[PDB]
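The chain that follows stands alone, in the form solved without the DNA, written as structure tokens.
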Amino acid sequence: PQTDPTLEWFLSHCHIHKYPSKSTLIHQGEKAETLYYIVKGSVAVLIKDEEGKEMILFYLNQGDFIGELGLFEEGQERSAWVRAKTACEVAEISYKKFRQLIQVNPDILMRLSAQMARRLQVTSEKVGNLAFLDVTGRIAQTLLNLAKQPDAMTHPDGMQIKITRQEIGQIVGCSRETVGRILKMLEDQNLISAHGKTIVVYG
């Protein structure tokens, strides 16, 4: 973690709310009139198809803004669901009040925009993965990213992560069954080791 006076100034204008793990902070389709900032915890951003299947777009963490995409034009709806992945503490402020703060000190918009730019780079890559990789390479690539997250744990034969079939499937666009068939196949290829819901990525 890390803070500064510009962020504490901003936080003093917000209200703080707690969200237990698995609770939904933002429902797709709601009117977007408020901005969030994660003081503690992590959330998943996700979207759905007509049949209720879920895709994860991003994981956001402490220091991440959320609900920013409606800020620049009135009348918009929330573009995705946002669900607490762990217990969360989340600052919230109306768009109107945030715009007044932007007038006082534009650096607070700089910080928000830097996160938007980063999310657009990552989401564009995600488009390239989904377009150009098959499920297997999507899965292989997903495991590689995690293997280089700050959450990784050292290990003798490589780098180690934990994740469920279901979460993998939600990331890549497939069933937990396809994930299992593919994990097994990667294991037979001596690329990974799986131990329940814990995965050693070799290399």
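Start at 1 and count along the sequence shown; that's the residue number.
This protein has a second form, the form deposited with the DNA bound, left out of what is shown; the following refers to that one.
Checked against the DNA in the deposited complex, the candidates 148, 155, 48, 176 yield a single residue with a heavy atom inside 4.5 Å, and that residue is 176. Heavy atoms within 4.5 Å of the DNA in the deposited complex belong, among the stretches 33 to 41, 162 to 170, 59 to 67, 140 to 148, to residues of 162 to 170.
Heavy atoms of residue 135 reach within 4.5 Å of the DNA in the deposited complex, making it an interface residue. When contacts are judged by a 4.5 Å heavy atom cut-off, residue 18 does not count as touching the DNA in the deposited complex. Among heavy atoms of residue 5, none comes within 4.5 Å of the DNA in the deposited complex. Contact annotation for the candidate site: 22, 181 and 196 all lie close to the DNA in the deposited complex (heavy atom within 4.5 Å).
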